[PDB]
Every structure is written in C-alpha cells, then in structure tokens.
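What follows is one structure encoded as structure tokens, with my remarks underneath.
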Amino acid sequence: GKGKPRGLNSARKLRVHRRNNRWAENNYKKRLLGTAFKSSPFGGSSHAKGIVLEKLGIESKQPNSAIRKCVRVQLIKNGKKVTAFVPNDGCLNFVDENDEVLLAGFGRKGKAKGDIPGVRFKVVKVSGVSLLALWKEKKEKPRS
Amino acid sequence: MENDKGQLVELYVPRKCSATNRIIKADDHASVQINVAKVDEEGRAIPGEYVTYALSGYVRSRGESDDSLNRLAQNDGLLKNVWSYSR
Amino acid sequence: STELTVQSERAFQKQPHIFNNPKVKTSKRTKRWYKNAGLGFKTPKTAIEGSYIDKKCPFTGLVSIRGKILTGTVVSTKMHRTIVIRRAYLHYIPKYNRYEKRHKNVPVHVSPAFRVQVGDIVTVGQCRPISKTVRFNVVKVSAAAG
Amino acid sequence: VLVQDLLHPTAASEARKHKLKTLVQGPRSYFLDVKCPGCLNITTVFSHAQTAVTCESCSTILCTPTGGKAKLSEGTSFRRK
Amino acid sequence: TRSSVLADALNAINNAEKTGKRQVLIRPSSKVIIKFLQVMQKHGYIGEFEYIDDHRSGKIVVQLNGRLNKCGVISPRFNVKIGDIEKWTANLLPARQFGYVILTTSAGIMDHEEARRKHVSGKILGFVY
Amino acid sequence: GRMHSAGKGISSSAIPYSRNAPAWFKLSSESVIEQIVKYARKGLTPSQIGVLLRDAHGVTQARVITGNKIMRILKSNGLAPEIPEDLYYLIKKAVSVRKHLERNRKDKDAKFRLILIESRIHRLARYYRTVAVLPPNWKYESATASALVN
RNA sequence: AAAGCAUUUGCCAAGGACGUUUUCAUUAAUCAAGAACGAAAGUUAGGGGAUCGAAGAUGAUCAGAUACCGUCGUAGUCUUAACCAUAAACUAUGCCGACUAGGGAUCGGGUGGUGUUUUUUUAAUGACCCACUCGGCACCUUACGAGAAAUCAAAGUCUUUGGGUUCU
RNA sequence: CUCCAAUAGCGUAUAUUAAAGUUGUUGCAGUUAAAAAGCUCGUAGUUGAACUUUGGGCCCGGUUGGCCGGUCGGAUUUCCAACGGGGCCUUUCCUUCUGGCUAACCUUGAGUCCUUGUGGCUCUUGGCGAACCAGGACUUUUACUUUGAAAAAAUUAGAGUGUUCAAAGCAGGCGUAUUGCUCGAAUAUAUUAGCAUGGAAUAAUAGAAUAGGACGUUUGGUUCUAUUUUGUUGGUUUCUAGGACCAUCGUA
Ligand SMILES: [Zn+2]
C-alpha cells in the first residue's frame with residue numbers, strides 16, 4: 001500500500017523520486033536555478049546603491065486612498081531601474097534627483113508590501129547619511 | 001501497578017468485561033452489570049447473594065450480549081443445553 | 001577463447017634467461033620455468049606442461065600477485081588474453097535505510113592456462129599495472145553453470 | 001459467534017460449504033461400478049467423467065458428459081465404490 | 001499476490017481482537033508464523049493455538065484471550081544493529097516498560113528484551129502489545 | 001486473478017488427503033504403466049492420458065499409484081514431445097488466430113487477443129529456457145510457428 | 001481492456017464463469033523504455049440528394065438580435081481506405097492480495113429434493129419451486145470503523161502511523 | 001505625558017535552519033479542496049506461497065507414566081524418567097592424513113625422606129593427540145549481524161582543576177617555602193568501504209534425471225613424474241610413491 005515502494009533494495013527509486021518532487025518547492029527551485037543571480041534586480045544582495053531618476057506618486061490600492069510618494073532609481077552595478085518607496089513624511093523632500101540613494105528589500109522577500117502596488121524596495125540612506133537621522137534632525141544632508 | 005515499595009497507586013482499578021476481557025471505561029454508559037440470584041432447595045432466591053456478570057457497551061451494541069450470557073451462564077451451571085460450542 | 005601455434009608473432013617467443021643448451025641432449029624439448037603464486041593457490045597442470053609464453057601470467061611469468069583478491073562474474077571474453085568481470089554489490093543510502101544495486105566492471109588478464117566463458121565466477125588477484133586499465137590476473141576459475 | 005469451535009464444525013455446515021472452503025479441502029466426487037446390460041464385466045466410472053465411457057466389450061455407451069456429473073445412460077445398475 | 005504470509009496472519013489476529021472474537025483461523029502457516037506465535041504465547045498475549053495439517057501448507061487456529069492491543073509486522077525487514085534497537089522500541093512501543101519488538105537474529109526469532117541479554121541483533125519482524 | 005483478464009474465478013480440482021491408492025483399486029502399480037505408454041504411442045498428451053485413465057480405468061491420479069508423474073513415465077520411455085504440451089497448445093492457438101486475421105483484418109479484437117496470446121507464449125518460453133526444458137535460445141518465430149504444430 | 005455493443009441466418013476465430021480425485025510445477029504481481037486499441041469532430045480522391053443548426057439564405061421577436069423560435073439549405077456520425085490520438089475518455093475512486101456485518105433480490109454454472117408442471121401413466125429433458133454453493137452487475141439497513149463534512153462495506157483494518165507495486 | 005520589552009545593546013534587509021507531517025524513510029496527500037495516465041500489453045526496475053533435525057550442569061512452570069485415594073464419575077500434589085519450554089552459571093570444539101611433540105602416566109619400576117604410610121620428588125618399558133607445527137583441506141557462493149583492530153590534531157560530548165567568577169587554559173598542589181616532594185594532561189563518538197573474528201534465523205544461490213551420480217576396503221590398463229636410494233651429474237629402466245585418464249566389480 002501507500003503508493004510508494006517499500007522494498008529494502010529500492011533506495012534509488014525513493015531518492016530519485018524525492019529529487020523530482022523537490023522542484024515543486026518554491027525556494028528549492030530558486031536555490032538551484034540561480035534566479036537571484038540572473039533574474040532579481042539586486043544581484044542576490046540585501047542592499048544596492050542607485051541613482052534617483054524621478055519622483056513618483058503611486059495611488060494606494062483599495063480600500064486605501066492615499067498617494068505613496070516613492071521614487072524611480074537606477075542601480076549602479078546592474079543598470080536596472082526599480083521603484084522604491086520613500087518612508088515616513090517629509091522624506092520625499094529630503095530626496096531629490098541624482099542623490100545616490102541606498103536601497104534595501106521592503107520586507108517580504110521579493111514581494112510588494114501593503115497597499116503600494118508594484119514596489120518591492122525602500123530607500124535607507126540618501127546622500128550617504130540616513131533617513132532616520134534626516135527625519136529626526138539628528139544629522140544634516142550634505143550640500144549637493 | 002505500584003511503586004518501588006509496593007504501595008498502591010492508580011486511584012481506581014477498573015472493571016473488565018466478562019465476555020471480551022476489555023476495560024470498562026468510566027464513560028461507558030451502555031455497559032451493564034448483570035445480577036443473577038442464587039437459589040437453594042424449594043426455590044427461595046437468597047437475598048443479597050449473587051452471580052454477577054459485566055458486559056461492555058461494545059458487546060451490547062454488536063448484538064452479542066445474549067449469546068455471551070448463554071455461554072457465561074452455562075459454564076457456571078446456571079443453564080444446560082442452551083449454548084453450544086460447535087455452531 | 002582460441003589459441004594458435006606459439007611462435008606467431010614477429011619476435012621469437014621465449015621465457016627470458018631460461019637457456020636450453022643444444023650441446024647436451026635432454027629429454028624435455030624445452031626447459032620450462034614455473035613458480036608458485038602463493039596465497040594458497042594451486043598452479044594448474046596446464047601451466048607446468050603447456051607451451052604458451054604469456055609474460056603476464058601469474059604462473060610461469062614475470063608478474064607477482066599481491067594486494068587485493070577480488071571475485072566477479074565473467075561478462076565478456078572478446079579481447080585477447082584478457083576478460084572483463086562484473087563485481088556487483090549493494091550500496092547503503094542511510095536517509096532511507098534501504099539499499100540500491102550497483103556494479104563495477106573490472107578488466108582482468110586471463111592466462112592461457114585457464115579456459116573462461118561468460119558465466120564463470122572467477123577469483124582474481126591484484127598485480128602491477130599490466131596495461132592502461134588492467135591491474136588484476138585471474139588465479140582460480142569456478143564454472144557457474146556446471 | 002465470538003466463541004466458536006473452529007476445529008470441530010458440525011457435519012451439516014461442512015457439507016453445505018464449498019469444496020475448497022472446508023477445514024481441509026477435498027473432492028466431492030466419487031467412482032461408480034456400473035453394469036451394462038450386454039456383458040457382466042466390472043467397469044469403474046468417474047462421477048464427473050468427461051469422456052463418453054464405453055465397455056471393453058460391445059462398446060455402446062455408459063455415460064454422457066455434461067457440465068456437472070456425468071449422466072448415466074438408460075438402465076444400468078450402479079454401485080458407489 | 002501474497003507477498004508475505006506473516007502480514008496476513010497478524011492482520012487476521014488484529015482484526016478479530018477488535019471485533020471481540022476469541023479465535024481466528026489463519027492460512028497459510030509457516031515456520032516464521034509458528035515462531036512468532038510462540039513468542040506471543042510465552043509472554044501471555046495469546047492462548048493456545050492448534051496447527052491443522054493440510055498437505056498443502058497448513059492452517060492455524062489461535063485462541064485469543066483479550067489483552068492484546070496490536071500485533072503488527074514491519075515490512076521490509078530492516079537490518080537492525082544492536083544499538084538501533086532502542087530506536088525502534090522508542091518508536092513503536094506504547095511505553096518503555098512493557099511490549100516487545102520481535103527480531104530475527106542468527107540465534108533465532110526472539111523479542112528485543114532477550115536479544116539484549118543474549119547480545120545479538122539482526123532483522124526486525126514486528127511488535128506486540 | 002487471471003493473467004490477461006479481470007476474471008476472479010477459483011474453480012479448480014481438489015486433491016484428496018491421501019498419498020495412497022484407495023483400497024478398492026487393486027489393479028497393479030505396473031499394468032497402469034503399460035496403459036500409460038499404450039496411450040502415449042497413440043500420440044496422446046499427458047493431460048488427456050489422465051482424463052482418459054480416470055474416467056475409464058478408475059485410477060484416481062497416476063502419482064499416488066505409481067510414484068511418478070505421467071510425463072516422467074513418458075520421458076523414461078522415450079515418448080517425450082519436442083516442446084511441452086503446455087507451450088504447444090498456446091502456439092496452436094496463435095497460429096489459428098493468425099490464419100483468421102490474415103483474411104479479415106478488420107477485427108480489432110482479434111488483433112488485441114493475438115497480442116495477449118503471444119505475450120503468454122513469450123512468458124512461458126522464457127521459463128522453459130531457464131530450467132533447460134527448451135534449447136537456450138529457441139526463439140519462437142511467427143513465420144515458423146505453423147511448422148511446429150505440424 | 002476501454003471506447004463500445006440490441007430483430008434474422010450461416011460461416012470464422014475468440015472469451016469469462018462453472019465442473020474436474022486431468023496436466024506443468026513458481027512459470028507470478030506491478031511496471032521506465034517500447035507498443036496495440038480507441039466516442040466524436042474537419043487532413044485526404046466514387047457514390048447517394050436533408051430531417052438539424054453553423055454560417056448562409058431568410059421570416060419573426062427585440063432598443064439592437066449578428067441568438068433563442070419558424071422555413072430552406074452547403075461542408076459536416078453512409079464508402080473500401082489513417083486520426084499524431086482528444087472527451088465531465090467519470091465510478092471525477094490505479095492494479096494485485098488478505099481480513100472485518102446483517103439481509104433480500106437478480107444474471108451464468110453446479111449440487112440436492114420418496115418437489116410442481118409439460119405427456120405415454122409417470123417417465124427423459126425443458127420451464128418452475130425450495131435449499132446450498134462458486135463467480136458477476138447491483139441494492140437495502142446500520143456504523144464497530146473512517147472522514148472536514150457530504151457521505152463510504154470501502155473512502156474501514158491510519159499518530160496503536162510498514163502486505164506488494166506503478167503514476168500524479 | 002504615561003506605560004511595556006530587551007538592555008551596552010537594540011532595530012532593519014537578505015539568506016538559511018526550526019516551525020514544516022507545507023517534500024513526508026520515519027511521516028503527507030490524490031471521490032468532491034491541487035493531484036489515479038482513456039484502456040490494455042510489456043522490458044529494465046521493485047516485489048514475490050509453503051517445505052529440508054532437538055547433546056554441559058543447576059533452579060522454575062506445566063503433561064503426559066505409574067508407585068501412590070483422601071473420597072463420597074470427579075477433589076491435592078509430591079520422589080523418579082524425558083517431553084519440549086524458561087532463567088542462570090557455564091560447557092564446546094577443527095570434520096582429516098603424513099609425523100613433529102606427546103600434555104600426562106595406562107605405567108609401577110628398584111626403593112627411598114617423614115607420624116604404624118599413596119603424607120612425599122627424580123624416574124625408564126609398551127604406553128593420552130588436541131596443546132599446536134606444516135601439507136591436503138574440510139570446499140557453493142553471498143547478503144545480514146556480533147566482536148576486535150586500525151582509525152591525525154583541533155572542534156563535539158565529557159573527567160580533573162576556585163583562570164577572583166565565567167568564556168577559557170592545561171594547568172597545578174603540598175612541605176621542612178634554608179639548596180624539594182608529587183598528581184596530571186583521562187575517557188567517549190568517529191557510521192559507508194576495507195581487514196580479522198563468532199553466529200547460522202531471515203533472504204537469495206549450487207547440486208544426482210538420457211546419470212558422464214557418490215563411495216572402494218576389487219581387480220585388469222594407459223600416460224605423466226623423480227624425492228630417497230644404487231657416489232656423482234645428465235640419458236634409460238626395476239621397484240617405490242604420487243596425480244590424471246579408461247574398463248570391470250563391490251556397496252547403498
Ligand atoms: Zn458392455
């Protein structure tokens with residue numbers, strides 16, 4: 001019974017059958033296809049630096065009705081263009097075009113977060129200092 | 001069941017079915033304790049002196065309770081030529 | 001296998017440093033050198049009385065038997081003076097606590113003192129490298145089909 | 001039921017069971033000694049015979065094969081041995 | 001087809017303990033079933049059993065006395081080193097202090113407890129409690 | 001069940017619990033042997049010698065009164081067939097379907113049923129080569145199949 | 001085996017079940033690769049002349065009707081010749097083996113009856129009745145058991161977790 | 001503003017492990033939630049009915065056999081078999097020829113020391129093979145399991161030790177601290193493969209069927225061989241001994 005072989009000389013069948021059914025797993029495939037290297041915008045890295053191209057306003061999806069104040073960024077090491085959310089209020093004033101921001105993942109390991117559609121990234125540092133410091137008036141943005 | 005010094009534990013010892021030798025649980029409300037009078041010359045069933053059989057609620061639901069007492073009482077001399085071993 | 005008249009090659013096949021003096025008459029037509037291979041292995045009567053040369057033979061040759069003593073079943077005898085044996089075994093996979101069947105092919109050198117067909121559980125013994133792949137000579141032959 | 005003598009079932013139950021489903025399987029067929037009217041010789045006939053058995057002498061008919069027991073022909077006295 | 005007659009026999013016994021019967025009839029019978037029932041008998045898990053001699057393979061009638069919770073087979077018969085027995089008794093026995101795992105050593109079919117004091121090991125057959 | 005169908009029938013003979021001849025038999029253990037080889041020289045297979053002997057001569061079965069099986073008596077007398085009757089009657093049925101299917105090849109069921117019969121020939125001839133009943137290759141061919149049955 | 005197959009009659013091979021005191025003696029189970037067979041439905045060249053609807057022709061209905069409804073009609077379940085083989089190809093339940101529950105029907109085979117009927121006087125068969133049995137398509141009642149439940153005699157014998165094997 | 005959590009640390013991102021019985025050998029699921037190929041055949045692969053004998057002793061339970069009835073056809077069990085079973089302490093091993101080698105006396109041969117002397121040691125004359133040497137083997141091969149060796153250190157588990165505690169480290173501790181004494185620096189794990197060893201259940205494998213079967217204490221024969229021995233080496237043969245081969249007879 002039970003649909004799998006059980007004989008003592010049948011380890012090859014069980015081992016090859018486990019191998020074939022491992023591919024249905026989401027993260028086993030990405031570990032063995034190298035999807036992080038080839039397909040992901042960051043090259044399988046926690047962080048990446050970029051260059052700001054434009055300020056964006058993205059409508060929040062239902063049932064929220066705000067404007068999310070994100071930016072469009074082009075990375076240095078890849079040249080790819082990603083959209084990154086700019087956190088709590090006034091920070092879009094602290095970011096401008098061509099500030100060489102630093103980016104991180106947005107929490108959900110390659111997925112969008114909250115009511116923002118199609119943004120997988122956030123800004124951490126702008127002009128090389130912080131956003132927490134600039135928001136809390138602990139540091140000052142360099143004159144550029 | 002006891003400890004090292006032979007002192008008894010297991011706050012009660014349960015009854016066991018006299019047909020299938022299984023434990024009568026504390027929540028087997030279909031289980032039955034049959035009491036049969038003991039008799040002497042000229043009838044006159046002696047009060048308070050019994051022959052007792054316990055049947056679990058599993059047996060009674062299966063319909064085996066009648067055939068069990070026929071065996072259980074013939075072997076005690078309460079009956080004769082009612083229960084037959086060879087079917 | 002097959003065989004032929006012993007002097008078939010371009011060079012004169014002879015047992016090295018075994019000199020049969022023509023000046024004195026001797027009963028045996030040629031002087032033979034044979035050796036005991038050791039490890040409790042009987043030298044066959046074919047080697048002591050035969051006329052092959054086979055410098056790689058465990059007996060009557062230039063090869064010493066030392067190392068491991070394997071055994072397998074003969075699967076091909078198509079080459080000249082060498083065969084392929086099949087050693088089968090079971091390999092334990094500990095995750096499943098089961099086994100799987102595996103095998104290896106060991107090319108071994110067969111003397112012209114044995115006759116070997118497909119079948120033929122053969123006990124072989126390790127020696128110095130005889131060619132690119134063979135490192136073993138057959139020492140005892142036991143037929144499988146009777 | 002729930003207590004039975006499975007080593008000694010009653011002969012009625014074993015008789016009404018199938019041939020292979022008894023305690024020990026065995027044949028329900030038998031052999032017959034038949035007297036053809038012509039001669040008086042001994043002929044042994046299987047009860048479930050498949051060949052149209054004839055006597056060694058004058059070879060008429062002794063039974064006709066059927067899908068069950070062989071149908072013994074018109075009157076020939078038979079014993080069961 | 002029938003792959004192992006020991007699994008059928010122990011399935012038959014286990015089904016009749018559940019229903020309430022006091023006897024089974026198993027078919028066929030082998031030396032392995034005889035020895036497995038003999039180990040069950042000496043620990044008091046079953047009563048008397050009688051072997052009916054066919055000329056084919058034989059049948060067994062086994063008297064049941066309650067008090068049996070499960071008899072099971074382990075297929076395949078895994079090889080068990082002498083240090084792996086407490087990995088099996090922990091897995092498929094209800095407590096550390098009753099129940100037996102029946103093995104097949106070169107010293108014979110025996111339960112795990114007196115395989116330990118004989119200091120032998122081998123293949124696993126099954127379990128009773 | 002059956003090898004090549006879903007039928008689950010159990011109909012079979014049932015040998016009695018006795019390795020001795022019945023007390024009424026009393027012919028001999030040797031005149032039956034002469035009656036075995038008398039039928040074999042008439043070209044009778046072991047399956048149809050036994051039904052003939054049981055129905056008419058009253059032997060229950062030829063092992064319990066002789067100790068030998070029937071074709072062991074035939075082989076000891078040199079009357080063994082070239083191929084077994086078990087395999088012979090499978091080949092003869094295969095030739096009969098091939099001849100039928102030769103002229104009306106619109107039977108998709110006689111093409112199906114031919115495959116089952118030929119598969120059974122190959123499984124059975126595989127067994128006979130292993131136990132050295134048949135020569136080591138012997139290679140059942142359809143084009144020479146009709147030659148072996150006659 | 002499935003897709004499927006219904007008034008005759010004769011040929012040609014095939015098959016299950018049953019009966020068997022016949023024969024062989026493990027010849028088996030499931031199966032990558034590889035194959036045979038497949039409802040319909042248009043690759044593709046006689047013939048015979050539409051009941052259906054694409055569409056098309058049309059007449060209504062409707063805001064529109066390119067649809068349902070009505071009349072007619074070409075390609076389009078009839079040749080003789082292939083599908084590469086796709087279906088809600090369904091029991092949405094792989095195959096083989098064993099065990100666990102009570103019943104009444106029915107199809108095929110078999111056994112028995114100091115049974116009924118058919119007529120010769122009953123006989124012989126046939127048909128029927130009663131009982132049993134093997135093998136089928138199924139059904140009814142329960143639930144020890146299972147399940148998320150619907151429900152299920154298997155979808156039970158499953159944390160007391162291992163009969164064999166293929167696929168997903 | 002007040003309060004909560006961790007605290008010289010706390011948050012964030014990505015990866016990975018547990019959670020996850022959501023990869024399932026242990027241990028999933030497939031009627032309807034995702035999933036039984038349309039159906040059947042079929043090679044590799046996986047799996048496959050039953051069957052082939054029990055030597056040490058002691059304690060425990062029965063089941064038969066009687067010596068035993070106590071008793072109005074049944075009622076207790078003990079001393080003894082063995083009948084398998086159970087627990088212990090233990091036996092136990094190798095089944096052979098050529099002699100090495102005899103280990104001990106089967107010895108008692110001639111009597112001795114010492115309490116009336118089997119209290120008591122040296123000892124030849126046949127006389128103990130297991131206590132192992134080297135030859136043939138015993139001769140169908142495995143899987144499996146037990147034990148052993150051999151397995152680098154560091155890391156891991158862990159013994160000792162008051163680094164002031166601890167992570168650590170492998171040190172140290174006691175006198176007569178005046179001219180010195182001493183313990184340490186363990187042990188375990190280390191699988192798969194290889195080697196050596198015990199077991200003989202489970203699961204395979206082989207044998208004697210056209211007998212070219214097994215034994216041999218039978219007799220005819222063939223060939224090969226040369227150790228000891230006739231001093232010698234080589235060539236030959238008498239016998240010896242050894243294979244192999246071919247007939248006949250014997251046994252079961
Ligand atoms: Zn007559």
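Ordering of the structure tokens sets the chain letters (A, B, ...); residue numbers start at 1 within each chain; ligands are numbered from 1 in the order shown.
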Please list as a list in words every residue within 12 Å of residue 125 in chain H, counting only C-alpha atoms (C1' of nucleotides) and excluding residues in the same chain fewer than 6 positions away.
residues 107, 108 and 109 of chain H
Counting only C-alpha atoms, what are the residues of chain D within 7 Å of chain E, and for each of them which pair of atoms is the nearest and at what distance in Å, to one decimal? Sort the table by chain and rising number, as a tab-separated table.
residue	atom	partner	partner_atom	distance
D:2	CA	E:21	CA	4.2
D:3	CA	E:22	CA	5.7
D:24	CA	E:54	CA	6.2
For the selection you just gave me, I'd like the residues written to a file as a JSON list (two decimals), in the first residue's frame, keeping N, CA and C atoms.
[["chain", "number", "residue", "atom", "x", "y", "z"],
["D", 2, "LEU", "N", -18.52, -15.05, 18.10],
["D", 2, "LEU", "CA", -17.50, -14.61, 19.05],
["D", 2, "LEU", "C", -16.94, -15.71, 19.94],
["D", 3, "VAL", "N", -17.56, -16.89, 19.95],
["D", 3, "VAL", "CA", -16.97, -18.11, 20.51],
["D", 3, "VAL", "C", -17.49, -19.25, 19.66],
["D", 24, "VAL", "N", -10.34, -28.87, 5.76],
["D", 24, "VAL", "CA", -9.37, -29.45, 4.85],
["D", 24, "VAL", "C", -10.09, -29.70, 3.54]]
Give the residue list for ligand 1 at 8 Å, counting only C-alpha atoms (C1' of nucleotides) and all ligand atoms, as a PDB file with N, CA and C atoms, in the first residue's frame, sorted by chain and then by residue number.
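File written: out-v4.pdb
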ATOM      1  N   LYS D  35     -22.970 -51.770 -14.314  1.00  0.00           N
ATOM      2  CA  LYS D  35     -23.250 -53.000 -15.046  1.00  0.00           C
ATOM      3  C   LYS D  35     -24.035 -52.670 -16.304  1.00  0.00           C
ATOM      4  N   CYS D  36     -23.372 -52.732 -17.452  1.00  0.00           N
ATOM      5  CA  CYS D  36     -24.081 -52.608 -18.712  1.00  0.00           C
ATOM      6  C   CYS D  36     -24.927 -53.860 -18.940  1.00  0.00           C
ATOM      7  N   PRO D  37     -26.057 -53.734 -19.643  1.00  0.00           N
ATOM      8  CA  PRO D  37     -26.911 -54.917 -19.851  1.00  0.00           C
ATOM      9  C   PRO D  37     -26.267 -55.996 -20.701  1.00  0.00           C
ATOM     10  N   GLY D  38     -25.377 -55.622 -21.617  1.00  0.00           N
ATOM     11  CA  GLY D  38     -24.763 -56.578 -22.518  1.00  0.00           C
ATOM     12  C   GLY D  38     -23.902 -57.633 -21.855  1.00  0.00           C
ATOM     13  N   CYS D  39     -22.772 -57.228 -21.284  1.00  0.00           N
ATOM     14  CA  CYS D  39     -21.889 -58.164 -20.604  1.00  0.00           C
ATOM     15  C   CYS D  39     -21.980 -57.936 -19.098  1.00  0.00           C
ATOM     16  N   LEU D  40     -21.198 -58.690 -18.330  1.00  0.00           N
ATOM     17  CA  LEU D  40     -21.223 -58.595 -16.880  1.00  0.00           C
ATOM     18  C   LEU D  40     -19.902 -58.139 -16.277  1.00  0.00           C
ATOM     19  N   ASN D  41     -19.043 -57.470 -17.041  1.00  0.00           N
ATOM     20  CA  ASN D  41     -17.720 -57.131 -16.536  1.00  0.00           C
ATOM     21  C   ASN D  41     -17.767 -55.912 -15.618  1.00  0.00           C
ATOM     22  N   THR D  54     -17.256 -46.249 -22.608  1.00  0.00           N
ATOM     23  CA  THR D  54     -17.860 -47.469 -23.113  1.00  0.00           C
ATOM     24  C   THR D  54     -17.169 -48.672 -22.488  1.00  0.00           C
ATOM     25  N   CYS D  55     -17.860 -49.809 -22.516  1.00  0.00           N
ATOM     26  CA  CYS D  55     -17.280 -51.044 -22.017  1.00  0.00           C
ATOM     27  C   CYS D  55     -16.192 -51.538 -22.962  1.00  0.00           C
ATOM     28  N   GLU D  56     -15.354 -52.440 -22.448  1.00  0.00           N
ATOM     29  CA  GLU D  56     -14.357 -53.072 -23.303  1.00  0.00           C
ATOM     30  C   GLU D  56     -15.014 -53.989 -24.326  1.00  0.00           C
ATOM     31  N   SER D  57     -16.183 -54.533 -23.996  1.00  0.00           N
ATOM     32  CA  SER D  57     -16.929 -55.398 -24.891  1.00  0.00           C
ATOM     33  C   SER D  57     -18.198 -54.684 -25.328  1.00  0.00           C
ATOM     34  N   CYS D  58     -18.389 -54.660 -26.648  1.00  0.00           N
ATOM     35  CA  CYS D  58     -19.558 -54.210 -27.408  1.00  0.00           C
ATOM     36  C   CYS D  58     -19.813 -52.708 -27.299  1.00  0.00           C
ATOM     37  N   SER D  59     -19.008 -52.021 -26.480  1.00  0.00           N
ATOM     38  CA  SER D  59     -18.691 -50.585 -26.539  1.00  0.00           C
ATOM     39  C   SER D  59     -19.869 -49.687 -26.915  1.00  0.00           C
ATOM     40  N   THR D  60     -20.969 -49.787 -26.169  1.00  0.00           N
ATOM     41  CA  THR D  60     -22.101 -48.995 -26.626  1.00  0.00           C
ATOM     42  C   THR D  60     -22.021 -47.554 -26.141  1.00  0.00           C
ATOM     43  N   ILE D  61     -22.357 -47.336 -24.867  1.00  0.00           N
ATOM     44  CA  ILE D  61     -22.405 -46.079 -24.109  1.00  0.00           C
ATOM     45  C   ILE D  61     -22.492 -46.531 -22.660  1.00  0.00           C
ATOM     46  N   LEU D  62     -21.838 -45.819 -21.747  1.00  0.00           N
ATOM     47  CA  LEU D  62     -22.105 -45.983 -20.331  1.00  0.00           C
ATOM     48  C   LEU D  62     -22.493 -44.690 -19.642  1.00  0.00           C
TER      49      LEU D  62
END
List every residue of chain B that DSSP, applied to the backbone of this structure, assigns to strand (DSSP E or B), and report them as an NGL selection string.
:B and (2 or 8 or 16 or 23 or 32-37 or 40 or 43 or 50-55)
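CA of residue 63 in chain C to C1' of residue 139 in chain H spans 27.6 Å [interatomic distance, one decimal].
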Kindly determine which residues of chain C lie within 12 Å of chain A, considering only C-alpha atoms, and give the answer as JSON, numbers by chain.
{"C": [89, 90, 91, 92, 93, 94, 95, 96, 97, 98, 99, 100, 101, 102]}
